Amino acid sequence: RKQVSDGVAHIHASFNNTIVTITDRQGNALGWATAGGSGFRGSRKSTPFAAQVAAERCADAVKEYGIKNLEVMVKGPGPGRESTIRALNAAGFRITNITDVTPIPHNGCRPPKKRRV
Amino acid sequence: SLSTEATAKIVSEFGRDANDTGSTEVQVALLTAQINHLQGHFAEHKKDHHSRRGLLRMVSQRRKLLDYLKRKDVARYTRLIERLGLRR
Amino acid sequence: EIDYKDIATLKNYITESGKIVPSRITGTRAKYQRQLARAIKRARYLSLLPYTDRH
Amino acid sequence: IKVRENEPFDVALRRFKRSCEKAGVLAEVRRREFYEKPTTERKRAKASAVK
Amino acid sequence: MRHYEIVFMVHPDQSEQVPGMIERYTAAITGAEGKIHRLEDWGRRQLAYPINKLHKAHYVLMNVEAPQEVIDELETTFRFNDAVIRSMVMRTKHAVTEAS
RNA sequence: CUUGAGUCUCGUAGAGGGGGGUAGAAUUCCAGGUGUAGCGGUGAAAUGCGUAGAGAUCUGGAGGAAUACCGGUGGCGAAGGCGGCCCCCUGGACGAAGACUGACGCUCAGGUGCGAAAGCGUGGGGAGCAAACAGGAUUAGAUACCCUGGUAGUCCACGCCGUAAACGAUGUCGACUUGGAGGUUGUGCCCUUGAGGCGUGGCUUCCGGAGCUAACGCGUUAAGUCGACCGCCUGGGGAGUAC
């Protein structure tokens, strides 16, 4: 019941899952979505056409205000960097600026050895 | 390395003539300086090895020259080792 | 080129990410490539040029 | 990476910044590092680029 | 002596001190058997990033020639001076004059 | 005596070394705001974290390690190795007009010194990563690979240990011997009118002729033709072990 009018939307695009939260201008949570919470779980998610149905779920929780326009914050790789923005363009929302906020360091921390099969 | 006002300076102190930057008496003496001067440098840092390699170079290189003098004019040897306070 | 104040002749050797453009798509005699990059680095401290772009 | 356009449309322009960073220098990190594995495979893949 | 080139950026809301800061430094250099063959006031201007906060600072150049000794004295008065946000001074590379 | 070797002058390029600064991106953590039932992970899963409010998101703060792009078939170093920007101390290499010394050189058992990483001692530090160790999973079993954690260690100082497929698996120095394409750096010259064109040095890639080779292949940076000095080999196992 605040009517933020316009607020950026963060798209935490990951591999094992993807989640988009339609925060406000300053950066306050107004409504978040989630593939894991979008019916199918396990790992069936991930896929782009699976995240789209997730972020689209926001237009059902963050619609209580009246977002007439909004930007997009895509972070991290994975099947949900495009899908999300698309579903949002159809949901009825607008757009003000697309950008990738993926954490790209300068050889700072030393990543995990991991995987070796 | 070394400053011109010094290198071109000393040369005119050991040279048996003028601008004889070749003369052992000269070159040799010219080596002691850059050596003694660096000793104060190596006193600090220490771990700086790659610089000492060059230091040792000019040292042995200097000796290679001293042996020569002894084998070309006994006098000049003992006549120069003093002006440089060498031998220690 | 050897400087940083000549910010005018630098915005060309970058992009929307302020990243130093490769020498592949420049063939800047190499020797110059070296100097060209050195400027963009030190020049970024004087805030003359940007490091990243997101901030 | 910074998009912005007048006349609402979901054209793209987005894959334009997708040529300098993006999912590349990302997966580059992802798993472990490299050390000797790169200086080598980086100097062998170079051989490939010849013909 | 050895040439130089120092460009100090003082806090945006302390510009009025910039002119005074110059006289001190300059005077010292002159009183150090040095020379000053370059100078310019860039004033305030937007920044690439909010370096040390804000989004603007006062810029000034130099390109002296005074002996390293006296200039090394500058790093101190420079650090212990909240006015100046960032300090950056390169080496000689032969006398630089005009242009910029 | 001057062509070997060296000195002087003036330039050039460089992640060569030692010290001290400093910047930006990211991680983790601490605090607070928004907001709400998931997050994380895998082939799946589970351990684990979540309603004591996570994850996400945003603001402020603390700290440590490493420096995207440039970055290259690149460069410097005796080797090992050496990447942000700045200053200070310092080594070597190369070119050019030259000027100077005058065989002062090459190699080198023993000797001295330098040595990746892991490891050791004292004292610091500790973000990420990660032997040990602990859970979860896989499996016939799984003291593993995989997943969730995680200590030494990795970082700093100072001292020790001296090994590596310390590899070009090819000792150092010098003289000769068809060619082709390229890289990097110096210099001379050319309506220098140009990106540019012609030479002449240094270092370096790839192809390849003669020759060499058991073959693979090496091929002016030789494993070709020679000369000086040094190290080394003499069947496999036992054994780089015992004493």
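I'd like to check something: does the range A:51-63 contain any residue that is within 14 Å of chain D (Cβ to nearest Cβ), outside any strand (DSSP E or B) and either more than 21 Å from residue A:4 (Cβ to Cβ) or not β-branched (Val, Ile, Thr) (or both)? Within the range A:51-63 (the criterion being within 14 Å of chain D (Cβ to nearest Cβ), outside any strand (DSSP E or B) and either more than 21 Å from residue A:4 (Cβ to Cβ) or not β-branched (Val, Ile, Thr) (or both)), the answer is yes, since at least one residue qualifies. Can you list residue pairs whose Cβ atoms sit under 6 Å apart, with the first residue in the range C:1-28 being within 11 Å of chain D (Cβ to nearest Cβ) and over 21 Å from residue E:42 (Cβ atoms) and the second being among the hydroxyl-bearing types (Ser, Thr, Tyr) and assigned to a loop (DSSP other than H, G, I, E, B)? Count only pairs 6 or more apart in sequence or on different chains. Close Cβ pairs satisfying both conditions: C:21/C:13.
Scan the range D:1-36 for residues that are more than 19 Å from the chain's Cα centre (by Cα) and over 18 Å from residue A:93 (Cβ atoms) and jot them down.
Passing the criteria: D:35, D:36.
Suppose the filter is loosely packed, with under 10 Cβ neighbours inside 10 Å and assigned to a helix (DSSP H, G or I); does residue B:40 pass it? So residue B:40 fits the description; yes. Residues in the range C:22-55 that are among the polar types (S, T, N, Q) and more than 6 Å from RNA strand F (Cβ to nearest atom): C:26, C:28, C:35, C:47.
Can you pull out every residue in the range B:1-19 that is closer than 18 Å to residue B:77 by Cα and either in contact with a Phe, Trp or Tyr (Cβ under 7 Å, 6 or more places away or on another chain) or in a loop (DSSP other than H, G, I, E, B) (or both)? B:15, B:16, B:17 - these are the residues of the range B:1-19 that are closer than 18 Å to residue B:77 by Cα and either in contact with a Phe, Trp or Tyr (Cβ under 7 Å, 6 or more places away or on another chain) or in a loop (DSSP other than H, G, I, E, B) (or both).
Among the residues here, residue A:72 qualifies as more than 8 Å from RNA strand F (Cβ to nearest atom) and touching a residue at least 40 places away in the same chain (Cβ under 8 Å). For the range A:75-92, the set of residues classified as within 10 Å of another protein chain (Cβ to nearest Cβ), surrounded by 13 or more Cβ atoms within 10 Å (Cβ to Cβ) and free of Cβ contacts under 8 Å to residues at least 60 places away in the same chain consists of A:82, A:86, A:89, listed by residue number.
Taken together, the values in this text are just the output of simple stated rules run on the coordinates, not laboratory data. Note: ideal-geometry Cβ built from the backbone for every residue, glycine included; neighbour counts use all protein chains shown.
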